[PDB]
4 protein chains.
Amino acid sequence: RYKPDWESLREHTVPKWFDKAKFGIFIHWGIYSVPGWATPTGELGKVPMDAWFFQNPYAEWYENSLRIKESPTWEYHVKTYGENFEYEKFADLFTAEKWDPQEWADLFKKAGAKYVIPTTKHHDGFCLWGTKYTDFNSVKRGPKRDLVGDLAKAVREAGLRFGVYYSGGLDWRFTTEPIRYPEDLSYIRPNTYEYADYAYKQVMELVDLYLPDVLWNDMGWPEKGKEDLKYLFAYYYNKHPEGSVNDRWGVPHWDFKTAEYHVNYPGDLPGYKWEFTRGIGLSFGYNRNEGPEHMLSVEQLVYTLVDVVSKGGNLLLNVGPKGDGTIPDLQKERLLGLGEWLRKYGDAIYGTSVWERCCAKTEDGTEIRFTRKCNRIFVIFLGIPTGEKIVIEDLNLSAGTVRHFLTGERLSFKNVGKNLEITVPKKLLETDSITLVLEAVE
Amino acid sequence: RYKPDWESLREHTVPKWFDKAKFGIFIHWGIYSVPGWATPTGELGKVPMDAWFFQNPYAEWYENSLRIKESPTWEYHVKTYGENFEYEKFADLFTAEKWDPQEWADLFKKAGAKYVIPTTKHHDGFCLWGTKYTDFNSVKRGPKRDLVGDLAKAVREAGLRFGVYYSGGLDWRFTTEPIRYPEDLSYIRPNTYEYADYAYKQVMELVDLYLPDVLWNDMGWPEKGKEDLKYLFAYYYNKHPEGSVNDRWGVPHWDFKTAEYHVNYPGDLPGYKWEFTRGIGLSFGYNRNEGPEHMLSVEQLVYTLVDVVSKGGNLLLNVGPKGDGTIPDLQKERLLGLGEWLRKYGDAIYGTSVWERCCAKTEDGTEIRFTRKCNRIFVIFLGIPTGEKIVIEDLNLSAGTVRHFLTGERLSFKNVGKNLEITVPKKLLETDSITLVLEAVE
Amino acid sequence: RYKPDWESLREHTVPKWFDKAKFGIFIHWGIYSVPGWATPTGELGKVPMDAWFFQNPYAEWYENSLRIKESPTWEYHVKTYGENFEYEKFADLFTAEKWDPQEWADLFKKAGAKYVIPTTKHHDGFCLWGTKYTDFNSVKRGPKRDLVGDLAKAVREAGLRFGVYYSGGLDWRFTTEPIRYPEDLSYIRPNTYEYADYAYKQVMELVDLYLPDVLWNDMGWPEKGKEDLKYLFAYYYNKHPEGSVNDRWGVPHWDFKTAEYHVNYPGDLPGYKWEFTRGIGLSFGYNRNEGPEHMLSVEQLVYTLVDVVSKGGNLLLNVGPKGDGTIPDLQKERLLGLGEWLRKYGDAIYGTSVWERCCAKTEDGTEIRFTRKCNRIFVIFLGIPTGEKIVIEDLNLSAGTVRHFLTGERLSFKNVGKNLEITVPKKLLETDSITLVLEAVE
Amino acid sequence: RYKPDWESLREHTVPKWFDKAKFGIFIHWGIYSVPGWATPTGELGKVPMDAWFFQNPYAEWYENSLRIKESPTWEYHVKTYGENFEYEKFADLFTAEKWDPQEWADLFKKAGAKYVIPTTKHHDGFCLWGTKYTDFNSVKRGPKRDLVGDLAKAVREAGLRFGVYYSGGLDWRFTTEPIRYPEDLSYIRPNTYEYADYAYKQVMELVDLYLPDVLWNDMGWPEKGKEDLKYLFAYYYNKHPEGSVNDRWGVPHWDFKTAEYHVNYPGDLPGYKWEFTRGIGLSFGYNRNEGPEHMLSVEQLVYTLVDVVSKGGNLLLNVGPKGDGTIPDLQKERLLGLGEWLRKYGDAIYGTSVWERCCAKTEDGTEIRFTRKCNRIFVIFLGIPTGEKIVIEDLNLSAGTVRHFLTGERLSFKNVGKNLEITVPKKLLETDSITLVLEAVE
Ligand SMILES: C[C@@H]1N[C@H](CNC(=O)Cc2c[nH]c3ccccc23)[C@@H](O)[C@H](O)[C@@H]1O
Ligand SMILES: C[C@@H]1N[C@H](CNC(=O)Cc2c[nH]c3ccccc23)[C@@H](O)[C@H](O)[C@@H]1O
Ligand SMILES: C[C@@H]1N[C@H](CNC(=O)Cc2c[nH]c3ccccc23)[C@@H](O)[C@H](O)[C@@H]1O
Ligand SMILES: C[C@@H]1N[C@H](CNC(=O)Cc2c[nH]c3ccccc23)[C@@H](O)[C@H](O)[C@@H]1O
């Protein structure tokens, strides 16, 4: 048994399956998905925090933006829904009438994802399962359906791992004042013993009802409730050893760390398991204002995943569905394109380990990322070189044998000074999709 | 922003308006106002604490006195209302049928008060506003009206500041046993996490609904909830910088200290902002047993205010209304008499600062109090000397020019040894009301 | 009597004398003054923190810099003194041969400072009084003399207040590794209970031997000793109620806050008493590498003092003496120039209060600052306008009379709209020194 | 950079080198080595704890045993040395006359150890480096020499890693009463803040002087000093990221856990890195009373190492030198025998990982252990089967090919049901040393 204390919980380390999975889907879906609107201002880490809450690109922060009068959101809301339409009222319009979980799980599997994590309760405090601790949930209002439960069955049926996202740190059902500056987060929080019990009970309920593969908390854990985590994590791991927990609880233990857009993104191998998270666009919740100008292209998604993976992380890519339960085509296209590249190069991604270095670049600037599997070293070019002579800056190989990953075709190479030169016949180069992938073997 | 920590909250100091206001009205009004009865035993600080709770002169402690069987209150209650009439039942008789807030605010303005503070919830736990945290409040029972809200609108309309009194330390809705000796207060308290959340939520609600100018807590704050105060005070000050908080929370921060009847009354200038509080009689809640023998006379009120003001404090004088919402004539007379003296000498009170010393006395014992405004020094005699030669013991002046405050008439004076001698023509002396006021200028 | 608890200690506020003084002299003098060397990189707040400790402009940090091999300091040191020359050896070369405390105190009085505060122990742990808790002090090594005591006697004889600076948060006699990045400050500290005791005993000793007017701590207080400050502060204030403490203790109590170079510098009225400190140059300890290019000019010193005072602060200007005890000419001249300015304009500085706004500016870019003394409002221009026509933006006066400070000459003005226009006769303008000053009365 | 907090320190995991090393040498050497005497009662975990301290088989506990009047040790001591001969006197007889650190390091390298860890200070408080915090150390007494430093230099020159063992939880220089029962350990400890500081300063000093590869603490850490470990650990890892700490600190962080004799020994895959330690005999300190009857034989040493490694651990085998610095022949021979075995079979040990199961057994009772190196699975029998027909119970392979490790000879096998059958040609069998080893590939 794991015991209820940090020294003992330290024994649990990130499970094998998570380390090997590399790619998962995040799903931010809630009553905010109905207005589904935000100012697509920019990437977290690049927008000045003096403006951020006032021009918030995270559409799921709609209620908070709505409480800031004379915020683009406030204006949009009054013209669209009216001054007398309270935010909570959206739970009645959140009907998920066109929702088909098996259809979601299938798309996620086709996309190459090995795990799925939906928002069981985001900052607005509305719960997507039949919790017994509040009536502001999807069984009693809106869909009249246990979304978490139904989605979990669907994802598992598809053979994918299922985790849960819970907003332990924020619950706007316990505050009245909006967050306007980062500073406000230090005091506009539920704060009561009551809320700390609520959060503990709700996560315990998620563990009991769905035994998730990942407990993904956000925004820290209520100070008054932090000690409870020793008990909750021991309870969880004892029921599910292969379960995992992220790093946003504000306590000693965690199985993997997280980075969001520019925030906490590692420049090199970090030395611990981590996971990068971002929306396909700038929001997590569905944003009707985003167009392709705001989203990653398939090529960019692939480069993202590869960079993240070569630095030891998993990519937890977010999808933001509509109030009706459908996934916007802009997002679907991208998921399928990524899936297509993973069907082809999966073997250089899935189940891989980091190598001695994550990165290299060609003489003319083509970035290169490395992954490994025992003695086999995968060389992933972010893009496909045009010529056949290829010069890799600052790399020597002691493999004696380098092959073209897609064909298996052995290739010609030599250590030329502090560099590595290789010849790739344009006919092979012509077969690669978004990345030229070579495979060395020492 | 103020941050949620004592070092940061230390930045907030008592607002200018409070320092300059000098006089405010306290209002203890609740369901205890209906029986409106107590043994007018004496002044707090003068009654032996071995008798106090058994012969309690604070009529608002009626429920506690009622729980002590064979207490004068218990006897009175049984003969008047019956053994089977529970205290809570008074919320149904508390109807405030003759209540007119604008009439109260007007009387308070005429009385010279610059701020008003009613009991939003006293020790019996009954709430005079539509709190969502209990049904034992004035909207659901008794008046079927938000007294706090309605009074706040009225006081503001009158141009007066509005604060709130909250009983954080005691709530007899969470105990069954009465307080019989001071010692009992150390353990007969709500004590739960639940009550600590309740108190925090209720004060947060008062801040949200009415944004008061003063948070006046009484009887300390629940131990389990003390840390919450960092968050509540930062939240409050960030919404209302010119807001203020008293010293009865039992935590590091406070904007002004308090003294009650003899308790904590300063003998000289104390070095910090404070406020003296007392009833016009011996009770705060309306007491039908008090007659004029038990109340301060206008002259005494004036002497009180002047003494307090000259020592840097504000006087927070209590009015105890009846169950019907009316203010007893004995109290009204006194408020108006004080008002009349303030209309005449306000300038030597309002907006003043302390001088080098608060006090002096004449050769024949007439007490003298000093206040200041830049270079002008007000000399207030508690009473009006009969002769014209006046000798002030242990005072020298370096003003060269002393005037009679009401007329402006320059007067004759000289430093005669360790004393100050001045001649005030009986015709001027004959114009002063309760106090001879001179005005020096160095 | 103050009791040893934060609630009680809050009763003590900044004493009058400190609020009215406005200008004090800081003295960083120690064995680091012997080598007197630093690379003058720039001002704190503007030099990138990843470079700061590697090219530290604070010459008093010489020892820390010496501990970073191949840092400008290391190279300089080895070339000048050799590798076999440990930092501590400077305690013996520290002889203060030409030191004359009365000359120092005369100079500070001429400069217009009203208080003086020498480093009793800086980060290197060397003590400049005969402490009984360490032999690494000035009585036993170098000067063979009680520098603190002798200076206090001279300062007090000159009529000035005397404080003490003590590095409670850092002591390099208890660590080996140097600070290279700001983050190091979180773990490279003495850390022991023994150090917490030592610090306590040393500050208590300073209170016992010299009863300073200000306890100026730096770099926070040892975590293990924080609770000790309740006792130390109560002990200090009960012996000296007009004593004061700054805000670098990291506990709930402080009498005035501080800002250093750009750090925590307020852009407008803060709402609490504070004090600004900086070197005449970019270092506190004497740096023989600085030239006038690195120093504030008398005019800038004057503008610094005016901006600071208008914002309610005091300026604590640092002078960095030489190992021999003499004050470099570049620093002595600026002290003098500032003293000259204070002799003419002091009445618009000493004893003033903040006005409604700290700042304004003329239609042509000349900045303005305000100070107050009752009904008198000082208008201080940071420079001397060339034309007799002066348009102050976004300002209106209801004074009726505006004089020209140095001559007293009533002047012609009128609120022309959202502005205020005044005519200053070139004859007057030409009489002012660094700042044109007007005085307005309401 | 690691920050001084448990959450941040969790980012540091067991370094690769420690995981791959598998075998290290422990050295308990101190003044207790002079008397070198203990009653060899039995193994920890099997001797009743109500007798254990009274007939302690750990000769390094000599002083504690001496403090129990009429314990075998007391009687022995008095007969051999006399009553007027205090334990501390052995510090002077501790001369290490024949000590040669390079011979030790040569021997450990031959034995196949990849790291070495000497006792820098055991329970008796005697230090074997020239610490500046006590005079009871090897530079000032006995050896007149820095044992730790000199040994580190020799170990590192031989290519091995160097760690340090420090008795942070016990120091008999700070107590008088001996431990008689396990319960005593709860209150008979130094207990003072001074001791907590001393321990901190001593481990910091070891990090500063030798930057060990492993900080091996024993008996927990002083309660008053636990919070110090956040700083010490961050300080250590920021200077040496490949450094490591064990799990005897009693705080949230550790890089590998430990088991001693029977205590905490795992029966199967634990799921975290750990290390097993034991003496060649029943004592850590040299015990001249032990004969080969009390020692593991080379074969048992080999079986211990295999069981340990198959379970993911490292074996930390203790050798107990004599006061003169020589290693008893009984211990030197076993080290050698083990080294011989590691030279032949090392490739199935160093650098391996655990497989799906640690263990198996042949139909006839011969135990089996598995280790892994990618696709290669080592099958290590604890002994050499006599017949060429080998039936392994409850095992099936999907490898297709199984070689005989030392010769490489492909072998005949087939899953006969719930078992696996392999034919090992007596010619091969007869070539193996202590263990038959097969290698299987998938
Ligand atoms: C996945 C996204 N996480 C956001 C919160 N996190 C942050 O903004 C940045 C952050 C990084 N690490 C953290 C740890 C604790 C709290 C916040 C963060 C949420 O506010 C968004 O709504 C969305 O759910
Ligand atoms: C204004 C009056 N205050 C009383 C409580 N205070 C005390 O009896 C004396 C007191 C002075 N300072 C304090 C601080 C904390 C708690 C009590 C006191 C209340 O019990 C009365 O009912 C009334 O509201
Ligand atoms: C007056 C100067 N103070 C420096 C320490 N303070 C800082 O570097 C910056 C600072 C501003 N406010 C603070 C509060 C606590 C700790 C540090 C600072 C010292 O390091 C310099 O040697 C010098 O004594
Ligand atoms: C390596 C040996 N360690 C002993 C201390 N530990 C124990 O007796 C048993 C033990 C196992 N795991 C632990 C964790 C913390 C404290 C003690 C133990 C010491 O008493 C011996 O002298 C020897 O140094």
Side-chain angles (χ1 to χ4, degrees), chain A residues 1 11 15-17 20 237-242 351 374, chain D residues 22 259 262 264-274 276 299-300 302-313 315 341 345 347-349 351-426 428-442:
Chain A
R1 309 304 251 174
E11 297 179 10
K16 205 154 297 188
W17 74 259
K20 290 186 182 186
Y237 292 140
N238 283 328
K239 270 154 106 63
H240 190 15
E242 294 308 303
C374 284
Chain D
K22 311 310 184 191
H262 296 289
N264 295 320
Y265 198 89
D268 194 352
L269 304 177
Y272 46 77
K273 188 67 191 172
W274 60 294
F276 176 56
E299 301 95 319
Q300 295 177 294
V302 177
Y303 301 161
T304 293
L305 179 71
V306 178
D307 187 69
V308 169
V309 172
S310 84
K311 282 158 176 167
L315 162 68
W341 189 90
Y345 309 105
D347 193 46
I349 296 294
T352 63
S353 299
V354 293
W355 188 44
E356 274 147 352
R357 50 193 286 181
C358 70
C359 317
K361 91 180 178 185
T362 58
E363 173 180 302
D364 43 277
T366 287
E367 286 292 327
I368 297 166
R369 296 306 185 259
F370 308 88
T371 60
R372 177 165 83 35
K373 248 180 200 167
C374 271
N375 25 53
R376 303 165 67 199
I377 298 163
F378 305 100
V379 185
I380 307 172
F381 293 66
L382 310 189
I384 323 204
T386 50
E388 339 199 320
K389 193 192 183 181
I390 287 171
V391 194
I392 305 187
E393 294 175 331
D394 310 338
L395 169 59
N396 276 200
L397 286 177
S398 63
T401 168
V402 171
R403 318 177 144 303
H404 162 283
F405 184 78
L406 282 181
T407 63
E409 289 191 34
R410 212 111 180 173
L411 290 170
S412 160
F413 76 108
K414 73 170 167 77
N415 300 302
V416 176
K418 71 157 189 55
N419 294 43
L420 168 62
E421 269 180 63
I422 310 181
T423 305
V424 190
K426 186 81 170 180
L428 298 213
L429 282 182
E430 232 134 324
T431 209
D432 291 301
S433 204
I434 286 149
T435 58
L436 154 56
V437 184
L438 312 179
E439 166 169 351
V441 194
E442 10 170 69

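Numbers restart at 1 for each chain; the letters A, B, ... are given by sequence-line order, proteins then strands.
- In plain terms, the two heavy atoms of D:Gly267 and D:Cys358 that are nearest each other are O-SG, 4.3 Å.
- Closest heavy-atom contact between D:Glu363 and D:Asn419: OE1-ND2, 4.4 Å.
- Looking at D:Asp347 and D:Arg376, a side-chain N of the basic residue comes within less than 4.0 Å of a carboxylate O on the acidic one, giving a salt bridge.
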Could you check D:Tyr345 against D:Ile434 for side chain to side chain contact (heavy atoms under 4.5 Å, CB included), going step by step and ending with a plain yes or no? CA-CA 10 Å; D:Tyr345 309 105; D:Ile434 286 149; 5.9 Å; no
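- Sorted by first and then second residue, the disulfide (SG to SG under 2.5 Å) pairs involving residues 388-422 of chain D (not counting sequence neighbours) form an empty list.
- Counting only heavy atoms from C-beta outward, the side chains of D:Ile392 and D:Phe413 never approach each other to under 4.5 Å.
- A distance of 9.5 Å separates OG of D:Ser412 from CD of D:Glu421, quoted to the nearest 0.5 Å.
- Within the 4.5 Å cutoff, no side-chain heavy atoms of D:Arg369 are placed close to those of D:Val309.
- Nearest heavy atom pair, residue D:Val354 against residue D:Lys311, reads CG1-C, 3.8 Å.
- The CD atom of D:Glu439 sits 10.5 Å away from atom CZ of D:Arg410, with the distance rounded to the nearest 0.5 Å.
- Environment of NZ in D:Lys389: sparse, with no more than 12 heavy atoms of neighbouring residues, nucleotides or ligands closer than 6.0 Å.
- Atom CG of residue D:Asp307 and atom CG of residue D:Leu315 lie 10.5 Å apart, to the nearest 0.5 angstrom.
- Distance check: D:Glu299 CD to D:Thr435 OG1 gives 10.5 Å after rounding to the nearest 0.5 Å.
- Between the side chain of A:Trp17 and the backbone N or O of A:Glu242, at least one donor-acceptor pair lies under 3.5 Å.
- The shortest distance between side-chain heavy atoms of D:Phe381 and D:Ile368 falls below 4.5 Å.
- In this structure, A:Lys16 places its NZ atom where only 12 or fewer heavy-atom neighbours from other residues, nucleotides or ligands lie under 6.0 Å away.
- Side-chain contact between D:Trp355 and D:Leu269: absent, with no pair of heavy atoms (C-beta onward) separated by less than 4.5 Å.
- Side-chain contact between D:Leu406 and D:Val437 is absent, with no heavy-atom pair separated by less than 4.5 Å.
- Ring pair D:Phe276/D:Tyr265 is perpendicular by interplanar angle, where above 60° counts as perpendicular and below 30° as parallel.
- The side-chain heavy atoms of D:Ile390 and D:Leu436, taken from C-beta on, include a pair separated by under 4.5 Å.
- For D:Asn396 (side chain) and D:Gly417 (main-chain N/O), a donor-acceptor pair under 3.5 Å exists by modelled atom type.
- A pairwise comparison of heavy atoms in D:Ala440 and D:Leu397 identifies CB-CD1, 4.0 Å as the closest pair.
- Between D:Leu429 and D:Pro385, the shortest heavy-atom contact is CD1-O, 3.3 Å.
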Check the pair D:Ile380 / D:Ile349 against side chain to side chain contact (heavy atoms under 4.5 Å, CB included), numbers first and verdict last.
CA-CA 10 Å; D:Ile380 307 172; D:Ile349 296 294; 4.1 Å; yes
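- Inter-residue side-chain proximity for D:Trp274 and D:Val308 is flagged as met; some heavy-atom pair is nearer than 4.5 Å.
- Within the 3.5 Å criterion, the main-chain N or O of D:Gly351 finds no donor-acceptor partner in the side chain of D:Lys22.
- To the nearest 0.5 Å, atoms NZ (D:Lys418) and CG (D:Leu395) are separated by 9.5 Å.
- Inter-residue side-chain proximity for D:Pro425 and D:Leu411 is flagged as met; some heavy-atom pair is nearer than 4.5 Å.
- The 12-atom threshold is not exceeded at NZ of D:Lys361, counting heavy atoms of other residues, nucleotides or ligands nearer than 6.0 Å.
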Exercise for review: Determine, stepwise, if the pair D:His404 / D:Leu438 fulfils side chain to side chain contact (heavy atoms under 4.5 Å, CB included).
Suggested key: CA-CA 5 Å; D:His404 162 283; D:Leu438 312 179; 4.2 Å; yes
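- Here the straight-line distance linking atom CZ of D:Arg357 with atom CG of D:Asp268 works out to 9.5 Å at 0.5 Å rounding.
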